[PDB]
Each structure stands twice: as structure tokens, then as C-alpha cells.
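A lone chain, given as C-alpha cells: the form deposited in one PDB entry.
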């Protein structure tokens, strides 16, 4: 009978790939359907380039793809419209914001699978050791805490210890980090939902200059090459006071044999001042059935299973990744394992999207301009002032003649 082949999450990021392969294999066993799992590279933009090869070929060799929240406008032609397969009641069990994200020109490109938001990880033991009673609310406070804690830990003999790790590699994750910096300084959304390219302003320039000021100081020089896992591994070994990352790192840090089990908490990222907006970049993944699948019925059944309450529950409990079903945020077991899902739910609700809606199918080009200009600041090659000016010019060229 058919073999349903899934290009799923990466085994190179935490447990996400191993876990998803397990869920796909469980579906195959429950239904008596043969399955195969196709692994992916860690970085989202590398995944996009890989899947674009299959889509260009109209390849039947993948039935289901796990797609980024930033991709529906890019990937829609390659998606089977799921709308005819779900009832209105079924579709209302997911967050409407994500269903809307996934719907392009009325086509439901994909089912919401897990959501994501950038958050601040902090070492509670170290804050207490150095006389701090709360995590930092402003970036200045973050820098002050990091300077003091680093000085003390270095003096105590940990030469591997840093104050802050984050994603500074030139790839999509830096666009995500940089949206948080810029928005939390009151510098806007880079490209606003209305189409205005707003990034050439002094608050956005300051945000980028501030992040440059971290590199080689409170953050490793090598942060300019870090994606999610590089930052996590410094943090997880016990060697960073603070980390900016996504929800998946929490469960990994709590695993038996983690050096930092029981030593950390999470909160909203800091901001420039009390009246700036809180910033958490909206991430997350969706489940798409290929327009090129020879087995759409079976593929749809697998995607519904993966997006189901029980599978999302397992993702939450075991991998600390955020459900797309509001009902799971009140589930007793989800909450007992991850009480911060409740504490941070307003952060998740107010997360700021990258400019994928407005850029549509040109989003990857826009994002490449963003991360490259941002990276030039982090390396000390350009000042923020010049970079936001250059970035404006680039995005103007990229989006010229694009309408949304």
C-alpha cells in the first residue's frame, strides 16, 4: 500500500526530529500504513532551500512537510488546500491568528502544529548568588547583571562563562533576534504590516548598536556564528547567565543529567525602557500536505493526527513546545510540567511577527537583507545608523512593485 513520506523537523535541533519521527511511526502503526521520515538541516532557511528543490520538481517523494510560520506566502502553490478537509468546529480548536497566518488567498495551506516565541532564559542560582532577586526588565539591567556575574564567575575559575548567548549567525534566527531588539527599543517591525519600511530610525539603530556592544564583551565573540543549538549548548553546560531562545530549550535543560536542571527560569525578554513594547518574535511550525502527493487522503489523515490534542500534548510535556490549541494551555499535565506556559501566555499572545505577511513570497529575500545588515553591525563593520539606512534601501529594492 502507499508509503507516506514526511519531511519533518530536524534531528540536529534538540529532540524535535527524533520525536516527530516517533509520532509519524506511531501513526503508521495505528493505521497500518507504511511511513518514511526525511530528515532536514537545523536552520529554517536551509530547510526552505531543500524543500524548494522538491517543489520545483513537483516531486511525489514527499507527502507532508513541516513548514515555518514565515512560509505560507512562499509555499502556497505547493500546498494542498486543507479547508475542504476540516469542519469549521475542527478549525476553531486552533488559535485563529495562526489559522489566519496559514491561509493565503483563502487557501488553508497548513494546519498549525506548534507555536513559538522568543523568551529570556536565566540562571536563578546565579542571580541569587550575586544578590539579584528578579530577572532583568531592561536591557541596561541585563548588561549590568551580566557584567557582575561574569566578573565573579571568571574570577572563580570558570573560563568558559559568559553573560549572554543568543542567535547571531547570518540566517533567519538572527532576523528573529533582531526583530526583538528593534521592537523592544520602540524601533518598529522593520517592515510594517501596511507596507511601510520603517527600519531607518534612531531607535532601530540604537538597538543594533546595543547588540554590537555585547559581542566579545558579555557574549562570546563566536556568537556571530551561533544558531539555536550553539547558544543552547553554552547555556546548557552551565556557562551563560542569560540566553535568548525558543521554548524547546526548557525541557532539554531540565533533563536528567543536564548540568543546569532546576537552576533556571524563563521570562519575557527585556526592553529599552518601561514604556517600550515587550518583544517576543512569533515563530512556529505548520503541517502541509504536498500538492504533489499521490496520497492526499492518507496524508491529510496523518497531518490531523500530528496536529491532534494528544500529539500536541506530548510535544508540550516532553519537548516543552507551545501548543496551537488554546485548550492545551489549561491542561493540568501541560501546566504541571511547564507552569511558565501560563505565566508567559500573554507574551505568546502579543508576540510580534516578522514581516512575512507583508513581504509574502519575497519574505526570504527580505529576511536575507535583514540578517546581513544586522550581522554587519554585530561584527563591528557598520554602525547601526548606517546599517538601517542601507537596510531600508535594500528592502525598498526587494519590495518595489510588490503589493499586499
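Numbering follows the first chain given and starts at 1.
Below, we turn to the form deposited in another entry, even though it does not appear here.
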Notebook entry, point to check: Rigid-part split between the shown form and the other one: do residue 20 and residue 115 share a side?
Noted result: yes
Item checked: in the other form, shift in Cα separation for residue 17 relative to residue 266, 3 Å or more -> farther
Item checked: Pairwise C-alpha change, residue 137 versus residue 324, in the other form against this form - closer or farther, 3 angstroms or more -> closer
